[PDB]
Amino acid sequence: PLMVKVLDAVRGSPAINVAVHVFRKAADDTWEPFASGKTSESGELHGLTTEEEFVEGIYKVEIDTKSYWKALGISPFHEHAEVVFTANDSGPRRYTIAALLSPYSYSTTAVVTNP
């Protein structure tokens, strides 16, 4: 129920091998690690979680943009891109978090569907 897609606005390509870490806010207000992975050759990261495990909560999707750009030999501006949202509060939904990256800018959008 959660997929992350990342594109590169400089190359006109998927952003491959981007590390993504997902956190969930705990009862004590700290960010607990929830799932992590890397984008594939298509710029997509599938299989982060399951419908059982992806319960209601406040989630943070951290896209490690600095690590991506530095691995390409570029010095970018941001440390990462964070996307923070409440999920599943009216029941289970499927979420796609999409991001488009440039060295000094990024855009993110969500596509939320009811299966």
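Start at 1 and count along the sequence shown; that's the residue number. We call the rigid core the largest set of C-alpha positions that still match within 1.5 Å between the two forms.
**Student:** Superpose on the core, then say which of 73 to 81 and 55 to 63 ends up with the larger RMS Cα offset from this form in 8 other deposited structures of this protein.
**Tutor:** Comparing 73 to 81 with 55 to 63, the one that moves more in 8 other deposited structures of this protein is 73 to 81.
**Student:** Rigid core fitted first, then name the stretch among 35 to 43 and 82 to 90 whose C-alphas deviate most from the displayed form in 8 other deposited structures of this protein.
**Tutor:** When 35 to 43 and 82 to 90 are compared in 8 other deposited structures of this protein, the bigger C-alpha shift is seen for 82 to 90.
**Student:** So, looking at the entry's B-factor column for Cα atoms, which has the higher mean, 63 to 71 or 27 to 35?
**Tutor:** It is 27 to 35 that shows the higher mean C-alpha B-factor.
**Student:** On average, which has the higher Cα B-factor in the deposited entry, 14 to 22 or 89 to 97?
**Tutor:** Mean C-alpha B-factor is greater for 89 to 97.
**Student:** Taking the values straight from the PDB record, which of 45, 55, 58, 81 has the highest C-alpha temperature factor?
**Tutor:** Most elevated C-alpha B-factor of the set, per the entry: 81.
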